[PDB]
Structure formats: C-alpha cells, structure tokens
C-alpha cells in the first residue's frame, strides 16, 4: 500500500560513508510512511543488529539476512520461508563436497545456518575452482546455488534463496510491484537482486563481479550510480523518480 519497497545491502552499500548514510536517512526519515524498507544483507540477523547499533541504521520493516536464508518480520522469524527453503535441501551432503576442496576454508560457525554453508576462497588459489565446485554441487541433483563475492566469499544456498528470491517473496507478501521496487547492491551476493525485475542501483564502489555482471546482463531497469555507498541510493531514488 506504499509507493516504494526499498531493498538494500548494508556493508559497502547503505553503510561505508557515514555522512551519506546520515543524509540518506534524514531524507527518508521525513517520509517514513511512504516506503517499506528491507535490509538484504549477507550478515546473520545478530550481526546485522550489531551493525545497526554501530552506525545507527534506521529501523527497517524487514530483515532479509544471511543472503536471504532467513527473513525477519517485525513480529519475528518467518517460519513459512524457513520451511520453504528446507524442502529438498540437503546441507550435510553439500558440506561434505565443499569441505573436500583444498582451496576452501570454512567460515566461522556463526556465519553458518541451516540454509547457508559458507567458505573463504584461498587468495592464492585459482578462482576457476568455484566453477568446478558449482558443477560438482549441481550434479548432486540437490537444488543448490553458489554465491561468490569480493573474490573470496563463497556461500552455498538452496536454489530458492538470494536476495533476489527473498525479495520477490516479500514483494508478493506486501503486494508491491517490481515497478515500485528498488534494489541496491555492491557485490556478487547482490546479483540475485538485479536478476529480479525490480529497479536497481549498482553503487559506484561496486565489486568487480557485480560490474562484470552488469556488463553482460545489465538492462534498462539497472542504474549504474556515480555516487558511492548510501549516496548511490539517493541518486537512484531521484533517477527512477520514486517518492515523487
């Protein structure tokens, strides 16, 4: 029932330029009732909350955490989404395979969750190994997807997660149209967002994988911002003429 569904990543997107973050929130703070806000971050919910206290993030309506593996409503964790992602998902088997790759090191336990298996790619290893991993995982028949970002982070998720799939789910939940949605991102774990039909903005300080993605799949609905961090979000809002 609002005119805009604003979905943004936190680190290096909404966060990173304190001054821009502040004037973005100042502006949005004057029309809080005109948009729904969702933070689609790679961070776990707890980590997202700690970041909010650190930089003073304005309260969102929804939290799409751990790359969309967990959704939090004002009332709490979405159990329907959890059950939906659990269907056909076989975490143990995928982890056994990923654990077998010498170039991969598990990320700390707190970065893991039932629908998220994450690793760090050896900076000395050949990035081509991610393609081999992806092929090997896909051939298990288990609905899985591999998210590679910043040239070092690897996340194993159900094919039904993404920041993009979590976003389409939220859109349907709120009865918001893609034309009324703006996704904001900076890296490989944001590609799912740009795969949706929502309007999107790629921050100036975006990672290589995202820019390369844009070069190949970028379309009319995708905006390459001149500003970096939160400034890119204000820029996009004006560009797509949202919150008229």
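Residue numbers count along the first chain shown, from 1. Each form is matched to the other, and the largest set of C-alpha atoms that superpose within 1.5 Å is called the rigid core.
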{"item": "Stretch with larger C-alpha RMS deviation in 8 other deposited structures of this protein, core superposed, 140-148 versus 164-172", "value": "140-148"}
{"item": "Greatest C-alpha divergence in 8 other deposited structures of this protein once each structure is fitted on the rigid core, 97-105 or 111-119", "value": "97-105"}
{"item": "Mean temperature factor over C-alpha atoms, higher-scoring stretch between 184-192 and 215-223", "value": "215-223"}
{"item": "Between the two ranges 103-111 and 73-81, the one averaging a larger CA B factor in the entry", "value": "73-81"}
{"item": "Which of 34, 197, 47, 65 ranks first by CA B-factor in the deposited coordinates", "value": "197"}
{"item": "Deposited CA B-factor, highest of 40, 58, 28, 51", "value": "51"}
{"item": "Third assignment of residue 170 from its chain's C-alpha B-factors", "value": "middle"}
{"item": "Third of the chain's Cα B-factor distribution that residue 90 belongs to, per the entry", "value": "highest"}
{"item": "Record-listed C-alpha B factor of residue 161: chain third", "value": "highest"}
{"item": "Assigned third (lowest, middle, highest) for the C-alpha B factor of residue 135", "value": "highest"}
{"item": "Entry-reported Cα temperature factor of residue 7, expressed as the chain third it lands in", "value": "lowest"}
